[PDB]
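Trainee: Encoded as structure tokens, here's the structure I'll be asking about.
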Amino acid sequence: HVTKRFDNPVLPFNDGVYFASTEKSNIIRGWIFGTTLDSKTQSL
Amino acid sequence: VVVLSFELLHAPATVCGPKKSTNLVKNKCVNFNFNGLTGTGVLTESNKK
Amino acid sequence: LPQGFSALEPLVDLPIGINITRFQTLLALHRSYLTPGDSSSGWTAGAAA
Amino acid sequence: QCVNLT
């Protein structure tokens with residue numbers, strides 16, 4: 001929190017991403033995948 | 001009247017017909033089809049997992 | 001990061017056959033009685049790396 | 001359903 005750390009911008013996807021998250025509060029819920037990130041394409 | 005539109009695309013298929021299963025047999029050096037493996041041998045048991 | 005060994009087992013493979021180019025990681029927020037509880041700059045960030 | 005952080 002100290003300040004006000006909340007980075008999470010859009011990031012490009014490259015073949016194979018190793019997501020290593022050290023969690024004790026399980027803040028990270030899900031993830032989205034797609035191309036245009038709007039109701040203009042399919043998105044998972 | 002029910003009309004069926006069958007489409008076949010380049011997205012992974014996910015609907016198909018059923019599949020049979022054969023009776024269990026041991027002590028025979030015969031042919032078997034496990035998931036597409038056509039092999040010939042005696043299907044003995046094992047202890048390893 | 002730790003010095004152990006990794007051995008990731010597969011979870012599931014859902015074949016959707018869509019083009020994936022961009023992604024975004026979903027976080028979560030918390031509202032306390034020591035913050036306005038607004039959806040702007042007053043929330044509980046938490047700790048995660 | 002959109003609201004943005006400042």
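Here, each number is a calculation from the coordinates, and none is a lab measurement. All Cβ positions, even for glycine, are placed from backbone atoms using ideal geometry, and neighbour counts span all protein chains on display.
Trainee: P(r) for chain C, please, calculated from all Cα pair distances in 10 Å bins and given in %.
Mentor: 16, 24, 27, 26, 7
Trainee: Which whole number gives the average count of other chain Cβ atoms within 10 Å of the Cβ atoms across peptide A:19-25? Present the calculation step by step, with values, prior to reporting the outcome.
Mentor: Values: counts 1, 4, 3, 5, 4, 3, 6.
Other-chain Cβ atoms within 10 Å of each residue's Cβ, averaged: 4.
Trainee: What per residue convex hull volume, in Å³, do the alpha-carbon atoms of chain B yield? If you can, show how the numbers build up before the last one.
Mentor: On the way: hull volume 8.4 nm³, N = 49.
Measuring per residue, one finds 172 Å³ for the Cα hull of chain B.
Trainee: Hey, another quick one. Could you tell me the calculated FRET efficiency between D:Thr6 and B:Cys16, based on Cβ-Cβ distance and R0 = 41 angstrom, to the nearest 0.05?
Mentor: After rounding, the FRET efficiency stands at 0.20.
Trainee: Compute from the Cα atoms of chain A the Rg and the Dmax, the latter being the longest Cα-Cα distance, and quote both in angstrom.
Mentor: 13.6, 38
Trainee: Kindly work out what percent of the DSSP beta bridges joining two residues of the protein assembly as shown are antiparallel, to the nearest 5. Could the numbers behind the result be given before it?
Mentor: On the way: 12 of 12 bridges.
Beta bridges within the protein assembly as shown, antiparallel portion: roughly 100 percent.
Trainee: Could you tell me which chymotrypsin sites (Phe, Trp or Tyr not before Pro) in chain C are loop residues by DSSP with no more than 11 other beta carbons within 10 angstrom of their beta carbon? Mind dumping the intermediate values first?
Mentor: Values: sites: C:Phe5, C:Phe23, C:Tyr33, C:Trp43; in loops: C:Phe5, C:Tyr33, C:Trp43.
Passing both the DSSP loop test and the Cβ count: C:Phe5, C:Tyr33.
Trainee: Select from A:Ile28, A:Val17, A:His1 the residue farthest towards the positive end of the dipole of chain A; place +1 on Cβ of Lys and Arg, -1 on Cβ of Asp and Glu, and compute about the Cα centre.
Mentor: Comparing the listed Cα positions along the dipole, A:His1 ranks first.
Trainee: Let's test the formula: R0 of 25 Å, r as the Cβ-Cβ distance of B:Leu37 and C:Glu9. What FRET efficiency results, to the nearest 0.05?
Mentor: Numbers: r = 23 Å, r/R0 = 0.91.
E between B:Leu37 and C:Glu9, to the nearest 0.05, is 0.65.
Trainee: Using alpha carbon centroids, what distance separates chain A and region C:33-49, in Å?
Mentor: Computed from Cα coordinates, the inter-centre distance equals 19 Å.
Trainee: Let me ask you something else. From Cα coordinates alone, what are the radius of gyration and Dmax values for the protein assembly as shown in angstrom?
Mentor: Cα radius of gyration and Dmax of the protein assembly as shown are 25.4, 76 Å respectively.
Trainee: Contour minus end-to-end for B:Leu4 and B:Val30, with contour as 0.36 nm per residue of separation and end-to-end as the Cα-Cα distance? Spell out each step's value before the answer.
Mentor: On the way: separation 26, 0.36 × 26 = 9.36 nm, distance 4.18 nm.
The span from B:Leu4 to B:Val30 would gain 5.2 nm if fully extended.
Trainee: Reachable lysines from B:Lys49, Cα under 20 Å, same-chain residues fewer than 8 places away excluded?
Mentor: Within reach: B:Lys26.
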